[PDB]
Amino acid sequence: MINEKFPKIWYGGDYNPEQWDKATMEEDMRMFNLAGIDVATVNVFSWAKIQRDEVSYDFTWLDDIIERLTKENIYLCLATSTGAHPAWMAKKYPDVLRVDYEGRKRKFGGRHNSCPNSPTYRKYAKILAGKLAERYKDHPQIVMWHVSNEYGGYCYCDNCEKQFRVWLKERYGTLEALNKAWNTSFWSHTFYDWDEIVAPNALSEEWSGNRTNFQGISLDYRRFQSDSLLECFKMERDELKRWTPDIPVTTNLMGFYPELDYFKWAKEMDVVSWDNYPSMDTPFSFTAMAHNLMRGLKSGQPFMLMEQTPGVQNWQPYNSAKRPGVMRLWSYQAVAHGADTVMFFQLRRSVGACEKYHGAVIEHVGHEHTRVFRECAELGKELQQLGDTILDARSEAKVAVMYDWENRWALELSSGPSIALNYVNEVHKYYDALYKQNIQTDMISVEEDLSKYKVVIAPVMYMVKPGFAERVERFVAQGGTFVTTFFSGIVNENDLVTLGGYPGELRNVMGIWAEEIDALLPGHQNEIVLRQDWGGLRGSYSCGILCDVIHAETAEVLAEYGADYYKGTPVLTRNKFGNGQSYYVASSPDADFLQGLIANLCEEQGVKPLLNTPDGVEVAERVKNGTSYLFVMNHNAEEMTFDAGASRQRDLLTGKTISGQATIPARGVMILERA
Amino acid sequence: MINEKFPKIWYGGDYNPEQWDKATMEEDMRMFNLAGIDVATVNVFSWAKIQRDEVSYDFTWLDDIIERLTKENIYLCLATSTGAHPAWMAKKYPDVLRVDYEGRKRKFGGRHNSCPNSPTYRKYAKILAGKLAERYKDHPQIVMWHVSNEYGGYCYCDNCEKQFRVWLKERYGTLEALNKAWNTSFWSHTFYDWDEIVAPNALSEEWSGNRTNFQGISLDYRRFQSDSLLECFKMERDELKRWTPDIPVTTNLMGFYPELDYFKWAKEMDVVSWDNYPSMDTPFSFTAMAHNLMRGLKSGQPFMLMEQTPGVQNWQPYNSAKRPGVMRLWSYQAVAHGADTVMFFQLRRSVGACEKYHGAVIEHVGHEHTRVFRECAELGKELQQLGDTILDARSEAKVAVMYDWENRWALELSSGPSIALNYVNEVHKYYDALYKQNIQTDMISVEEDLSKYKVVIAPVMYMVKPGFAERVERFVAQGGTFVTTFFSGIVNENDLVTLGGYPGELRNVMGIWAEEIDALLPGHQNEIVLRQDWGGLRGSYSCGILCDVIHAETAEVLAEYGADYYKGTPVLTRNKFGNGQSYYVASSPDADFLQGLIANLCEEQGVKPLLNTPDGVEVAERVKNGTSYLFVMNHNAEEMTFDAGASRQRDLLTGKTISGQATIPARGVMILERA
Amino acid sequence: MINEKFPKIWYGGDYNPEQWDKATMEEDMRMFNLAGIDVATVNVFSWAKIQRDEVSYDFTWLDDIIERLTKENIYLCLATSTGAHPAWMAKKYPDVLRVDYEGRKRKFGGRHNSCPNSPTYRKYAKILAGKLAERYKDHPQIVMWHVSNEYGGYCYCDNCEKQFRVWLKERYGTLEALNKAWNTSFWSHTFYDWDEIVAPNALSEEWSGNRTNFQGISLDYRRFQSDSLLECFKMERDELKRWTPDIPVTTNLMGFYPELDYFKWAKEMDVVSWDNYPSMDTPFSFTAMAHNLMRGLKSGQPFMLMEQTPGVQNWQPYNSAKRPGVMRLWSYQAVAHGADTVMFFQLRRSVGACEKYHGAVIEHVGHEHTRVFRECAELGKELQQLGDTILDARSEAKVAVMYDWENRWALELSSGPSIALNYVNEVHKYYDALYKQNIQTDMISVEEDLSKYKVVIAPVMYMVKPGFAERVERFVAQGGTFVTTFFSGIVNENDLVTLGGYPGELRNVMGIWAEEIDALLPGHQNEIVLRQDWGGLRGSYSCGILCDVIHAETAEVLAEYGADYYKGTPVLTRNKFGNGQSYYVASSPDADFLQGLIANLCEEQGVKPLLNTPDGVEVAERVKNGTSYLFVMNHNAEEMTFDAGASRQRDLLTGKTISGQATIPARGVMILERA
Ligand SMILES: [Zn+2]
Ligand SMILES: [Zn+2]
Ligand SMILES: [Zn+2]
């Protein structure tokens with residue numbers, strides 16, 4: 001379990017009574033009891049309240065809050081408050097403030113924006129975390145540490161620049177090695193001294209947020225910034241554990257957030273927690289893919305849903321209300337994919353600055369006779385009833401899909417071959433296909449152990465890191481199947497091209513040679529024409545975005561282009577390789593083709609759907625011992641019917657036995673317990 | 001009259017002989033005479049010409065201009081020249097230059113951009129104003145002072161930041177009060193010293209022009225900037241009044257310009273003057289609303305049209321020629337809404353820099369045989385003919401619609417609930433409905449006395465200021481009808497939410513409780529469904545943008561939503577309150593629904609249309625003594641006919657007597673004199 | 001010839017073996033012989049490799065490259081390496097870095113971005129040029145000097161600012177003359193000292209690229225910046241010519257690149273060279289016009305095609321592969337319009353940074369068995385077989401269209417009359433009309449000798465320079481036809497309006513007076529209605545963007561507007577003037593009208609198509625001695641057939657005799673040699 005002393009799916013969220021008074025806190029306790037709320041995330045943004053100058057610390061108000069919540073038997077997710085530095089500190093110690101992408105020195109404002117290489121910031125953040133741990137070391141209600149808050153953003157100040165050079169010295173050892181990695185002979189970029197090197201932003205190598213002259217520099221700086229933030233986190237963590245070695249430590253991540261390499265972060269965290277905030281056009285399968293990734297970060301370990309709105313958001317263009325049931329629906333979607341907590345931002349609405357129109361359990365009227373409140377209490381009852389049932393359950397997926405931040409950085413920094421190529425979109429195209437068929441799958445790192453899987457899919461694996469090619473070769477020869485695509489195997493860890501023919505280190509296992517690649521204008525398409533019927537693939541489908549023009553060397557050709565100067569050349573190939581097979585997909589296909597391909601690939605490895613269901617009804621499974629929990633989630637706004645199978649099983653949410661034809665209400669959820 | 005010694009609608013405008021020579025001035029005099037031009041606004045932009053260093057003043061060139069115009073008996077609107085500082089001053093005294101929203105120190109260039117807290121600017125602008133007044137104190141031709149020119153724009157420099165803290169001291173008195181007002185417990189923003197507070201711009205709290213982390217700070221900064229600029233105007237005003245206490249002082253405003261609180265500015269001005277420059281998609285009823293607002297800034301006092309182009313604009317994307325008659329049409333529209341002058345920018349085209357392709361009465365050919373000159377001359381004759389007939393005439397509207405700058409600021413900084421909410425558009429939707437039925441209306445401040453009205457409409461009255469609620473409870477209690485909408489009564493003067501349930505202080509009088517609001521995606525609607533036929537309202541209408549979910553408490557329900565999860569809940573309510581009635585409109589309805597709603601509200605109070613006319617034929621009324629003047633303006637490109645009523649009346653522009661059916665030419669104007 | 005010792009069309013391009021090693025060079029040499037490559041442009045971006053500090057120069061690596069190429073008898077276009085300064089130089093001498101348009105001091109990065117008024121840059125660029133020239137002065141393989149690389153971009157630094165003041169001193173002599181030229185009495189802009197004048201960028205007079213308060217200042221600053229960069233070129237040129245007085249010097253221009261007055265630049269270069277890079281929506285007639293302009297820069301002298309991709313680009317949004325045959329097609333199109341070289345960027349793909357996905361002859365596989373390579377080898381063989389046949393051949397067009405950078409700057413800076421006015425587009429509309437009918441034309445300076453022409457077309461000649469009016473009066477009177485358009489003859493060289501009536505200095509020769517101009521909203525149109533049938537002009541055509549409202553004075557009206565308030569007024573006039581005729585075109589016509597007008601005008605002067613061909617089949621002629629070479633180029637994806645004429649002639653590319661009907665393959669090229 002996340003914490004043995006708290007044996008259920010935690011229910012609660014961010015709580016900020018220091019924005020109120022003791023009277024309202026009494027109302028909070030009353031209503032939290034009605035809602036089934038038993039965890040509070042406190043002290044996230046009270047650094048200034050605590051520390052008014054470099055020498056004074058007042059924890060008396062916090063003692064009160066903690067003592068009051070303990071009376072109620074509410075557990076504490078205790079934050080270190082380092083998510084936003086005080087105004088006095090920004091004023092006296094400007095080294096704490098970031099210089100931005102546009103080259104500008106910031107003044108005090110906002111949050112999440114301390115320079116991670118700031119001596120002042122590091123000094124005081126470490127001391128604050130240490131004092132909190134020391135003061136509350138012996139307290140029984142603290143069940144989790146919450147370090148800072150949503151780390152992110154880049155800094156380009158002088159301190160980061162001098163520290164970038166050190167990081168470079170440690171990484172490459174010499175200027176010969178550095179100049180080679182960065183290919184500095186290009187555009188007379190030869191460096192003869194480390195101080196000649198600068199941070200890449202609007203002043204130097206970059207423009208428009210994602211464009212650069214020097215991908216090598218831009219890539220490394222992102223590694224460097226991610227590492228620097230990670231060091232701040234590690235620093236607070238170590239200091240916490242000095243005083244409370246037995247209390248878990250987390251920080252709250254942002255899913256597919258692009259700026260941080262979360263695979264590297266998660267190795268440093270006792271458990272992953274994250275903040276799920278969907279856009280109004282975010283596909284339900286996308287947020288599934290994100291919970292999945294969060295699971296994946298520690299190779300299947302259940303994570304905390306640290307934040308989600310219980311109602312409306314504030315920062316979307318059009319902050320629509322969450323329709324009845326949806327709050328519940330989306331909470332159980334998180335649990336289905338590995339969450340062992342569902343926690344909100346936030347418990348009581350602020351009054352406030354920019355978050356006053358962000359949803360909360362208790363809102364502006366200040367009472368419980370509210371739709372949003374009702375729905376929350378309802379979820380709270382259920383979660384109380386589930387108890388420890390699902391806790392620690394894991395995915396036993398036989399299909400994996402690979403994602404990587406460094407690959408993503410190189411791709412997004414690349415120029416070009418096409419701005420229409422979006423890495424996360426292509427990755428999602430494959431995951432979605434799996435999602436619609438209810439094929440249980442894991443999002444994994446390129447580094448993951450491949451032996452649990454029968455199918456490993458790696459969309460646009462543009463960057464191939466040391467050991468990767470050999471791991472997939474070994475995995476395929478042993479009998480696995482590997483899928484990859486156009487613009488894969490192009491470069492190494494430094495974004496230098498692997499010479500001698502794409503896909504380079506994967507050339508042999510894919511059994512094809514990609515000669516050149518064609519980028520299509522928006523709205524232009526080519527067609528995938530099957531050689532002959534093959535499983536659920538028949539006739540023609542369309543494809544777009546990019547078209548690799550390849551040569552089958554060892555692989556069998558299964559489909560070929562139907563149009564353009566490369567008509568009649570392969571677009572889908574299969575290479576037998578030891579006991580396994582590899583498929584190369586040379587274009588970006590429509591959903592029907594991927595539906596077919598995925599079905600074929602799973603059938604070939606004997607992997608079956610969890611269940612067959614109508615479109616919109618998602619199924620995912622977690623397993624505990626030899627017990628299987630099928631989450632069936634109806635995203636449709638109408639009652640729905642599906643075949644739930646004949647075996648004996650019960651819906652954990654209703655207690656009722658289920659067998660055969662079953663219906664599931666609109667926006668409904670069932671948790672099928674079975675062997 | 002604006003000035004007794006000048007007893008007609010003033011005609012002329014901005015005039016810049018100092019760009020030319022004496023020879024061209026003789027032609028100028030000749031042509032002004034042809035066009036019936038009798039007023040010139042001079043010396044707007046010659047500070048550097050007057051003052052070449054900190055010690056030298058040359059007024060002789062200005063003496064000759066004033067003397068030459070005097071011989072012609074042309075009246076002088078004399079500007080102070082402070083609307084653009086001299087280059088030598090920017091170079092020697094950089095404190096005069098602004099720091100922009102991006103945090104950059106500006107260099108010399110442009111205009112209207114002096115730092116309002118510059119000691120140098122204030123010093124010299126005050127001396128200049130004083131020297132001018134003292135020099136021309138005994139001149140008979142000067143009928144108006146034109147202070148500076150179009151004050152506007154924000155400054156984020158060091159001096160403003162320091163003055164901002166002082167303004168905060170004067171306003172809140174203590175850090176305790178400021179900390180509460182700004183809700184600084186959020187994001188650890190507690191200030192322990194005033195010096196820790198900074199200007200909110202791209203370096204601190206804000207981004208992309210209208211977004212902010214802390215709207216309380218951003219709201220206050222805009223107040224402070226508006227006051228700061230206002231002080232500069234008051235400074236010059238007082239200096240002018242020392243020497244010429246009997247010459248009126250104005251400064252030229254920009255209508256619905258968002259950055260300045262003109263209601264507060266207007267108290268300090270002897271007469272409002274404004275510059276009307278419509279966009280190519282500006283609806284004619286909007287510019288009517290703008291003129292209307294200009295009249296309302298001083299509670300109905302007539303104003304000056306200080307600027308409008310006689311022909312093309314220069315800064316619109318597409319500067320279309322003003323079709324024949326349109327110039328006249330639009331000048332009379334201004335008069336129709338309270339303009340007692342009609343003035344142009346400018347009398348002769350510059351040659352020039354950025355305004356060489358802005359229209360003028362005298363243009364690049366340098367003669368009067370021009371489409372634009374002929375149209376200016378025609379109007380000139382009519383204004384001579386009208387004499388004092390219309391001067392001082394007032395609006396006697398019984399319908400008022402409220403608009404407020406602080407409300408606006410708070411709304412446009414808010415996040416969100418929807419970027420599709422535009423404060424001014426919502427206001428205009430109500431105005432347009434009255435405009436279309438020729439219901440004589442007043443644009444009014446939230447502070448205006450309500451006693452003279454029967455219908456008060458306050459769209460999106462998000463911010464509710466001290467004394468407002470009482471003021472309106474009393475207006476409804478004693479028989480008035482008050483109309484407000486979704487997202488009203490949410491916050492107070494500091495943008496802090498008023499707790500306990502929307503619409504807060506308006507809850508009592510509105511007799512409803514708004515539980516939650518729903519932002520619709522663009523192109524989505526809900527529907528307004530009437531319980532039963534009510535007056536002009538019948539069946540279903542569409543509504544969109546935002547849908548408020550409300551509970552009738554004291555109010556009764558006249559219509560309910562026709563779709564979505566809040567289908568069948570109130571969207572329109574009527575509350576009997578004392579002798580009067582308040583209507584709550586929970587969404588943003590289409591033009592048809594508002595037409596119905598307006599008619600019913602007017603009928604209910606006994607207010608009738610001025611006149612019934614075809615679409616695009618505008619009718620507005622100004623009353624003088626007991627005499628009524630009906631301005632009738634045909635925006636249509638073809639002849640239109642209407643029934644003018646049976647009472648014996650003459651068109652002042654023709655002398656003809658009108659009764660019953662009457663035709664108006666394309667772009668035509670009539671002014672009907674009636675008792 | 002470009003260089004007499006190398007008597008064929010040069011084949012090769014940018015070559016960068018310093019990114020590689022001696023061994024890969026051996027492979028370069030083998031493949032270059034296969035491809036028929038005989039010229040390499042070396043040393044473009046190796047400043048830092050040559051010069052590690054302010055005192056050290058290493059040329060040995062370059063010696064090695066030059067020696068190896070000589071063995072293979074490959075000729076050298078030697079660059080000076082000044083296109084990108086070293087990182088140590090940026091670090092130690094920051095005066096080398098630019099200040100950008102937003103006012104920021106840049107840091108080391110990118111290229112083409114040395115401050116042209118940098119003492120350090122000039123000191124070291126000169127020395128480097130000189131050392132290169134002195135070292136290789138006696139070398140037999142050097143056939144061209146390639147100064148720097150793609151000069152461009154503006155600097156707003158302190159040094160440029162102080163030198164701008166000096167350049168103004170030299171140009172105007174007195175503040176009196178400067179204030180007048182800039183019309184500084186506008187907006188109190190009077191300068192009393194040169195140091196009060198600052199550069200026009202985001203901090204002062206300008207915003208968002210092309211908007212400005214003071215076009216005079218903005219216009220001169222671009223002249224100054226163009227001159228500054230030109231001085232850097234001249235400085236290197238002069239140093240090179242000190243040591244090798246008889247080796248040609250060039251620098252690679254960028255065609256219709258807006259920031260530099262290439263007509264001024266070309267007088268300083270021995271031969272023009274340029275870099276042809278189309279957008280995916282660049283019309284084939286546009287790239288033709290660009291080549292044509294490059295020819296026009298030195299009045300018909302053949303130029304060097306210095307760069308073009310042999311395959312894909314890297315900086316286009318969607319970098320599509322060049323379809324089979326297209327590389328060759330576009331290469332011959334360059335030759336048709338005056339290229340006496342065809343060279344690529346680049347010979348071997350970089351590996352790399354931002355250019356690794358830019359095409360090359362030798363690509364990432366590293367061998368010649370590639371579609372792209374085969375196509376390059378094929379072209380190279382053709383070029384070896386052509387020999388010196390076509391060298392020095394020139395255009396004998398009788399139609400010219402004028403283009404001007406200062407005119408372009410003034411039009412792009414103007415506000416407004418319309419942002420839908422795009423000068424280069426209007427220019428292309430005329431050129432395209434000619435290109436579609438295969439009318440041989442020259443793009444020319446406004447300063448070119450008009451004697452050689454029968455039709456001269458000057459679309460939007462908004463700025464009219466000293467001597468221009470007189471030169472075209474003489475041209476028309478002696479028998480030429482002259483065409484200009486709406487919005488011409490408006491200003492002088494200082495962007496000051498020529499008073500008295502548009503089109504000012506052109507008013508006499510055009511025989512019309514343009515009273516006013518009307519900007520149309522996008523999508524809006526008028527119609528051109530012919531008075532009677534006139535040659536290929538019949539009935540009614542559509543027109544848009546701007547409609548000039550004019551009066552015929554001496555000219556007769558061939559066509560009038562068919563709509564709006566100026567319906568019935570002239571839109572197309574003809575003025576008989578001496579033995580010639582001038583046509584005024586008062587609006588922007590559709591392509592049908594322009595087809596008709598062009599045919600009419602050519603017929604009127606005895607000029608006929610080179611050949612009638614189906615659409616997309618382009619024809620251009622170069623003449624050498626008594627022999628005419630007709631380039632026929634089939635832009636269509638399909639075979640095409642046309643009448644090649646009766647005269648006895650052969651295709652240079654096939655050796656075959658062509659007479660009467662001939663068919664051209666898709667993407668095909670024929671070069672007909674005739675009398
Ligand atoms: Zn930093
Ligand atoms: Zn300021
Ligand atoms: Zn410079």
Side-chain angles (χ1 to χ4, degrees), chain B residues 44 79-80 82-84 98 100-101 110-118 121-122 125 146-157 160 163-164 167 171 199-201 206 209-210 212 215 217-237 249-277 286 289-299 301 303-307 402-413 422-424 427 443-448 463 465 493 495:
Chain B
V44 176
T80 61
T82 59
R98 290 177 183 179
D100 68 17
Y101 175 87
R111 60 171 184 176
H112 308 160
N113 49 21
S114 285
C115 163
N117 298 289
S118 154
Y121 173 71
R122 294 205 177 191
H146 176 300
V147 169
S148 175
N149 196 76
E150 298 188 338
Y151 281 107
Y154 296 152
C155 181
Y156 304 86
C157 79
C160 279
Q163 198 46 43
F164 182 42
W167 186 94
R171 187 185 174 86
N201 72 1
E206 298 192 15
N210 66 171
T212 181
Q215 23 286 105
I217 311 179
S218 310
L219 177 66
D220 273 358
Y221 200 75
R222 286 160 175 68
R223 292 176 166 141
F224 157 73
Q225 284 289 295
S226 190
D227 287 345
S228 291
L229 290 156
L230 182 51
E231 287 295 303
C232 294
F233 165 86
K234 287 165 61 185
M235 183 186 74
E236 296 201 35
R237 179 199 66 188
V249 179
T250 190
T251 190
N252 54 327
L253 308 188
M254 298 169 284
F256 275 101
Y257 180 57
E259 299 193 323
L260 264 21
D261 184 353
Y262 286 152
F263 278 122
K264 181 166 183 160
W265 279 65
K267 300 178 200 307
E268 311 298 338
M269 307 167 55
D270 297 324
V271 65
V272 174
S273 65
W274 96 285
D275 302 343
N276 173 23
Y277 295 81
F286 180 89
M289 194 179 60
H291 286 307
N292 203 318
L293 177 63
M294 294 304 96
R295 169 177 103 230
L297 292 175
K298 301 182 69 65
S299 297
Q301 181 175 329
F303 57 92
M304 305 164 65
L305 216 217
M306 185 76 71
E307 295 179 12
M402 289 174 164
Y403 165 84
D404 185 84
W405 269 277
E406 304 195 314
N407 185 42
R408 185 175 181 175
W409 291 339
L411 275 173
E412 299 187 6
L413 290 162
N422 187 287
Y423 181 47
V424 172
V427 170
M443 296 299 322
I444 67 169
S445 124
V446 293
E447 226 71 52
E448 184 70 68
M463 168 172 301
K465 290 170 177 196
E493 29 158 22
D495 200 45

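Quick note: numbers below take in every heavy atom, side chains included, and nothing from hydrogens, waters or symmetry partners. Every chain is numbered from 1, with letters handed out A, B, ... down the list of sequences.
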Any chance you could measure [X], atom [atom1], to [Y], atom [atom2], to the nearest 0.5 Å?
| X | Y | atom1 | atom2 | value |
| --- | --- | --- | --- | --- |
| B/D275 | B/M254 | CG | CE | 7.5 Å |
| B/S218 | B/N201 | OG | CG | 9.5 Å |
| B/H112 | B/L229 | NE2 | CG | 11.5 Å |
| B/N252 | B/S148 | CG | OG | 8.0 Å |
| B/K234 | B/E268 | NZ | CD | 4.5 Å |
| B/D495 | B/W409 | CG | CH2 | 13.0 Å |

Flag side-chain contact, heavy atom, 4.5 Å: [X] against [Y]:
| X | Y | result |
| --- | --- | --- |
| B/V147 | B/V249 | yes |
| B/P116 | B/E231 | no |
| B/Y101 | B/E206 | yes |
| B/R222 | B/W405 | no |
| B/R98 | B/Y154 | no |
| B/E406 | B/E493 | no |
| B/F263 | B/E447 | no |
| B/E307 | B/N149 | yes |

Considering non-hydrogen atoms only, spot the tightest contact between [X] and [Y] and give its length.
| X | Y | result |
| --- | --- | --- |
| B/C155 | B/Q225 | N-OE1, 2.8 Å |
| B/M235 | B/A125 | CE-CB, 4.1 Å |
| B/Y156 | B/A199 | CD2-CB, 4.2 Å |
| B/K298 | B/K267 | NZ-O, 4.3 Å |
| B/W274 | B/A290 | CH2-CB, 3.6 Å |
| B/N117 | B/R122 | OD1-NH2, 3.7 Å |

Side chains of B/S226 and B/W265: do they bring a donor and an acceptor to under 3.5 Å?
yes
Looking just at side-chain N and O atoms, do B/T82 and B/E236 make a donor-acceptor pair shorter than 3.5 Å?
yes
Go through B/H146 and B/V44 one step at a time and tell me if the side-chain contact (heavy atoms from CB on, under 4.5 Å) criterion holds.
CA-CA 8 Å; B/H146 176 300; B/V44 176; 4.2 Å; yes
Over 12 non-hydrogen atoms of neighbours within 6.0 angstrom of NZ in B/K465
yes
Residue from B/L411, B/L413, B/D220 passing side-chain contact (heavy atoms from CB on, under 4.5 Å) with B/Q215:
B/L413
Verify side-chain contact (heavy atoms from CB on, under 4.5 Å) between B/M443 and B/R295, making sure each step is shown before the conclusion.
CA-CA 8 Å; B/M443 296 299 322; B/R295 169 177 103 230; over 6 Å; no
Evaluate the ring planes of B/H291 and B/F303, with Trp represented by its six-membered ring, and classify them as parallel (under 30°), tilted (30 to 60°) or perpendicular (over 60°).
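The rings of B/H291 and B/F303 lie parallel, inter-plane angle below 30°.
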Set of ring pair (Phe, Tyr, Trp, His ring centres under 6.0 Å) partners for B/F164, sequence neighbours left out
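B/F164 satisfies ring pair (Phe, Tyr, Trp, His ring centres under 6.0 Å) with B/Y221, B/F224 only.
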State which residues pass ring pair (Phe, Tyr, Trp, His ring centres under 6.0 Å) with B/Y423; sequence neighbours excluded, sorted by chain then number.
B/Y403
Can B/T251 and B/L253 be said to form a side-chain contact (heavy atoms from CB on, under 4.5 Å), step by step?
CA-CA 6 Å; B/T251 190; B/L253 308 188; 4.0 Å; yes
Output, in order, the C-alpha distance, side-chain angles, deciding distance and verdict of side-chain contact (heavy atoms from CB on, under 4.5 Å) for B/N407 and B/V446.
CA-CA 10 Å; B/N407 185 42; B/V446 293; over 6 Å; no
Is the shortest distance from a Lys or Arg side-chain nitrogen in B/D270 or B/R237 to a carboxylate oxygen in the other one below 4.0 Å?
no
Residues which pass side-chain contact (heavy atoms from CB on, under 4.5 Å) with B/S114, listed by chain and number, not counting sequence neighbours
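Only B/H85, B/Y121 meet the side-chain contact (heavy atoms from CB on, under 4.5 Å) criterion with B/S114.
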